[PDB]
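In the block that follows, a single chain appears as structure tokens, in the form deposited in one PDB entry.
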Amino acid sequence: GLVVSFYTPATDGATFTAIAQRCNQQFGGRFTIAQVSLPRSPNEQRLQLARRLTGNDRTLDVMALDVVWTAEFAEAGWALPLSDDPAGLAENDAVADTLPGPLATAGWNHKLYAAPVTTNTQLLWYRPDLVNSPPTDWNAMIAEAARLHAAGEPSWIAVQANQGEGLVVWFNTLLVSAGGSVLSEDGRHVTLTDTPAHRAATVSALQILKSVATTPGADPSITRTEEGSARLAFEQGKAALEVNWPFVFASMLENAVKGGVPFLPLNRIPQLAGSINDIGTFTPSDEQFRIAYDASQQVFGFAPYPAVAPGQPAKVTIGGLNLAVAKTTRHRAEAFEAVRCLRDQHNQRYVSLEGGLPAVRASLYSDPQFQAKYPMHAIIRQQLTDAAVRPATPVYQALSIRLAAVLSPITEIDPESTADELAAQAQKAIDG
């Protein structure tokens, strides 16, 4: 039988295998999809795909790409344009019922080179028992953290700032929210400091990074650039404010039921007995979920990502995965058909409700079962509709590495001179 390979991160290998097996039911034996797990590390994911692509591995068909790899894989000829679908359906399928944010990540040089399947956006997570109203902007985040420190309360702001992609993501969110951009749309010009308005945006972003780093009672993983997880800092009660991807929601509930969250003893609720399955995963009934969520709202809440400007909502950097057809495929028709099935409405419902991965289909955000399991659905939907996008460029890897090297450690940022250093390093990346 004909086999179509489907390379995805091992991180969610169970989920991506499940939707491929569901898809295999509807092909009538014409072909089958074989999911193949890439390493959990995204850096190693890209490297293995690159070796198979440059090595002309003719068994490589469909691949899930991080949303920042589009420009490189398209420019290299590694990802076929969706217009190469012999059935002529890939382009219309990728656009129909897909949220604008995810779609913007799948295009390069005015053509689609991938079909979004999963997405991601950061929210504010906070302790409502310690913080009365969630901060609406970064100035309020800083004031609240300082007030908590003066009161002897958890004062850290839990946010990923180590030298890496997460720090570039945070900077990009602040930059675009302030009205700036790393590169021009075509990715050919550096726009960090080329106009007064653009420079002001860059300086504003650097000021927020530096202010967070020097707030009283800040996270020492920031102020000393030690190791430390933002998720664990909040679950362990050391931070009352956190910005992070929505996977922390399920993590909070699961670990609280397992006794790992000292301020949220969900393990003490008798109605939650048996909600942990035989591999340690929280698998509640709908009633158990309602009980767990209601109890959690006393000490655990969510809110929109803090704005940069008081009256303008944040532009939050989008993440996720896009499905691409590799140039190495011997079966384009079936590869593009697999992509459509893997992202259809039922499989989008599956990856969200069963896999905890936010969907890209707009219709799902009106679905009642989705809304019950994602009570922050409205905030996610809004931030996916008006998202910030990291710079699209074939040299994104070098660009990100150089930006992170300048930004880190954020305690050493001097906004005015760091802005010029950022622009110079970005120019070097674009030049090669």
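Take the two forms, find the largest set of C-alpha atoms that superpose within 1.5 Å, and that set is the rigid core. The first residue of the sequence shown is number 1, and the count goes up from there.
The form deposited in another entry exists for this protein as well; it is not shown, and the discussion that follows is about that form.
Engineer: State which of the options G319, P81, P134, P154 undergoes a Cα shift of 2 Å or more between this form and the one not shown, taking the core as fixed.
Structural biologist: The one that shifts is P81.
Engineer: Might you say whether the CA atoms of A250 and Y350 end up closer or farther apart in the other entry than in this form? Their distance differs by 3 Å or more.
Structural biologist: Nearer in the other entry, by 3 Å or more.
Engineer: Which way does the C-alpha gap of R224 and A146 go in the other entry, closer or farther, given it changes by 3 angstroms or more?
Structural biologist: Farther, not closer.
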